[PDB]
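Student: Numbered according to the entry's author numbering, the sequence shown spans residues 4 to 125, 127 to 261.
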Amino acid sequence: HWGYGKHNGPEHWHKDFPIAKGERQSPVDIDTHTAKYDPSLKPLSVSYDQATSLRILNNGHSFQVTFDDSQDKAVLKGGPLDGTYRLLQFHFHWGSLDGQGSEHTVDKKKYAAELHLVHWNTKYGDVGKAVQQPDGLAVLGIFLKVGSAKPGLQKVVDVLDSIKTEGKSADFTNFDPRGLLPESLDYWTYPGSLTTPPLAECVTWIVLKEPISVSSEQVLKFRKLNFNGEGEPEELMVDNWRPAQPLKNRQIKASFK
Ligand SMILES: NCC(=O)N(CCc1ccc(S(N)(=O)=O)cc1)Cc1ccco1
Ligand SMILES: [Zn+2]
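Below you can see the structure in the form of structure tokens.
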């Protein structure tokens, strides 16, 4: 029922998911002058060399690449995190125009899109258990700006015509998510939530400061996807982002000076 339109979009979600008005909701605006450098944070450890992608799919709110998370292959550790978090999937949020599309903002600036690499804390055994814990998930967020192409994204872009509508999926093996990462792992971190229903407050957010550049042709392909399933009125999958939510009693920490 929920979506991103006038009658079912983010301002309506609280009726079915009252935690939408909770104390640690995401995304947020990152005020760069108020985020404090935390010298106690450790460097992130992004260990993706053994990642095993499985499928790419249109779920009616984004498109997602899924990974085999039945053992410790692709893992996120360090930074603000305690323990080992396994990569489950990545997906994107994007706009109808290059100025909008990210969920997090930086000094109120919106990027054209935002990549979310979703990981779960192995101490909880499965993702369903992890989403019920305040430290169950860690999402690595990466901003996309429009400029030069990202070569490591092209394999994704070229397969989107095969998953145009909700429900569609395709084999998507041997995709290397390291090709989506910027040079720097400098980041901001804060405790938050899933940005789509059920909006569970189970996420340690790690948002990289350095955006990746993608080309206009690449993001234009994102915007040809459909929210609807095959054989329904065509509603372009654009502006599938939740706006910034109140920071409330939280501090955003920076890994860098
Ligand atoms: N298998 C369950 C599952 O994965 N869900 C979606 C997970 C989800 C992951 C990441 C983000 S995001 N955009 O914050 O990165 C938003 C939602 C549904 C759910 C959550 C809790 C219970 O059910
Ligand atoms: Zn997301």
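We put the CB at the ideal spot given by N, CA and C, even for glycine.
(1) So, does the segment 234-243 touch the segment 98-105, judging by three or more C-beta pairs under 8 Å?
(2) In angstroms, rounded to a whole number, what distance separates the CA positions of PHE66 and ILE59?
(3) With a threshold of 7 Å (Cβ to nearest heavy atom), would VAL143 be considered close to ligand 1?
(4) Whether or not the segment 156-167 and the segment 191-204 are in contact is what I'm after, with contact meaning three or more pairs of Cβ atoms, one per stretch, closer than 8 Å; do they touch?
(5) Is the segment 207-214 touching the segment 78-94, taking contact as three or more C-beta pairs under 8 Å?
(6) Leaving aside the five residues before and after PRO13 along the sequence, list all residues of the same chain whose C-beta is less than 6 Å from its C-beta, in chain order.
(7) Helix, strand or coil: how does DSSP classify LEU91 here?
(8) Measure the Cβ-Cβ separation of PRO195 and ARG27 and say whether it is below 8 Å.
(9) In this structure, how does DSSP classify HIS107 when only helix, strand and coil are distinguished?
(10) Nearest by alpha-carbon distance to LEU185: which of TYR7, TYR114 and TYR51 is it?
(11) Are there 16 or more other CB atoms within 10 angstroms of the CB of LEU189, so buried, or fewer, so exposed?
(12) Have a look at residue 1 and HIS119 and give me their C-alpha separation to the nearest angstrom.
(13) Can you tell me where the alpha helix (DSSP H) with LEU60 in it begins and where it stops?
(14) Leaving aside the five residues before and after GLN103 along the sequence, list all residues of the same chain whose C-beta is less than 8 Å from its C-beta, in chain order.
(15) Report yes if the C-beta distance between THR35 and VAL109 is below 8 Å; otherwise report no.
(16) Looking at ligand 2, does it come within less than 7 Å of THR208, judged from the CB to the closest heavy atom?
Tutor: With the structure as the only source:
(1) yes
(2) Here the question's residue 66 lines up with position 63 in the sequence shown. Here the question's residue 59 lines up with position 56 in the sequence shown. Cα to Cα, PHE66 sits roughly 7 Å from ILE59.
(3) Walking along the sequence shown from the start, residue 143 turns up at place 139. Yes, Cβ of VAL143 sits closer than 7 Å to a heavy atom of ligand 1.
(4) no
(5) yes
(6) Here residue 13 refers to the residue found at position 10 when the sequence shown is read from its first residue. Within the same chain, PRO13 has close Cβ partners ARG246.
(7) The count along the sequence shown starts at 1 and reaches residue 91 at position 88. In the structure shown, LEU91 sits in a strand (DSSP, three-state: E or B).
(8) Stepping through the sequence shown from its first residue, residue 195 is reached at position 191. Stepping through the sequence shown from its first residue, residue 27 is reached at position 24. The answer is yes: Cβ separation under 8 Å.
(9) Indexing the sequence shown from 1 puts residue 107 at position 104. Note: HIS107 maps to coil in three-state DSSP.
(10) Against the sequence shown, residue 185 aligns to sequence position 181. Of the listed residues, the one whose Cα sits closest to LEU185 is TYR51.
(11) Sequence index remark: in the sequence shown, residue 189 carries index 185 (1-based). Per the 10 Å Cβ criterion, buried.
(12) Nothing can be reported for residue 1: it is not among the residues displayed for the chain, which extend from 4 to 261.
(13) Counting from one through the sequence shown, the residue named residue 60 turns up at place 57. Run containing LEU60: none in the alpha helix (DSSP H); it sits in the beta strand (DSSP E), 56-61.
(14) As a working note, residue 103 is residue 100 in the sequence shown. Beyond the five residues adjoining it in sequence on each side, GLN103 comes within less than 8 Å, by CB distance, of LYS113, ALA115, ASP243 and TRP245 in the same chain, given in chain order.
(15) The residue you call residue 35 lines up with position 32 of the sequence shown. The residue you call residue 109 lines up with position 106 of the sequence shown. Yes, Cβ-Cβ distance for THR35 and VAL109 is below 8 Å.
(16) As a working mapping, residue 208 is identified with position 204 in the sequence shown. No.
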